[PDB]
């Protein structure tokens, strides 16, 4: 039950079925690709009060492996509801990728994961006001939409899948600096797992939540008081002054598990880490249960 002297709690992450898209953004450079990505995946940490859960999947797609031969970056966007996801593909590609210097948007759902199809390009194509043209680029059906820069290229349809949302683990540490050094290291690890993304700022949740509110009636979620170090009768080990949660969404359960696995291993290499836990709902809500003890 230890990884590098760090206790691994015998518990599980409780994750959920969720609708996800996966989008390849290319641009003139990695720099401009990331400009579009950040804007497009921003305001998207959690569907508690964001319109989606979004983030970067692969930060560097080689020019030679993109449809247009340009630098690319894959992102994922998810939602529990499929239509809100479709609305969110339109909004973020339409408002944040279409408007971003030089950037184009292609589907990047693997064929194996494809379940539904959304014609985002087509719906976006009407922006060209009669002047939009369909074409074929590297075997893809795309729309060339006239814009002041020149043209916006967007694939006709995007693959939608049922993914796994809310995979997670907690880093419990001797202090805030130590928990954050460990959490950034975990996230550096999760970066390399294809099919997985971490929607929170830097991948990291500094304010994990519990379903609903004890004192109040109107709140959907509230602080996880059990793991809050400034709260007097909390459920934290001795020597733990800071908790961080890494939350992971993925194309499938195996990607989420891999992300959790390599995330925890990386964290446990950084000093001042006391214990690794995970957040669940007692199996009463999720569709998935990733037991930390099974990953190693």
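Positions refer to the first chain, counted from 1.
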### Query
Mean CA B-factor: is it higher for 261 to 269 or for 234 to 242?
234 to 242
## Note on the structure
Comparing mean C-alpha B factor in the record for 148 to 156 and 215 to 223, the higher one is 215 to 223
### Task
For the C-alpha B-factor as written in the entry, point me to the maximum among 202, 192, 71, 128.
128
### residue 122, C-alpha B-factor rank within chain (lowest, middle or highest third)
highest
#### Entry: Third assignment of residue 107 from its chain's C-alpha B-factors
middle
### Query
Among the modelled residues of its chain, does the C-alpha B-factor of residue 34 lie in the lowest, middle or highest third?
lowest
### Task
Comparing against every modelled residue in the chain, figure out the third that the C-alpha B-factor of residue 132 lands in (lowest, middle or highest).
highest
### Message
Split into thirds by Cα B-factor across the chain's modelled residues, where does residue 85 land: lowest, middle or highest?
### Response
highest
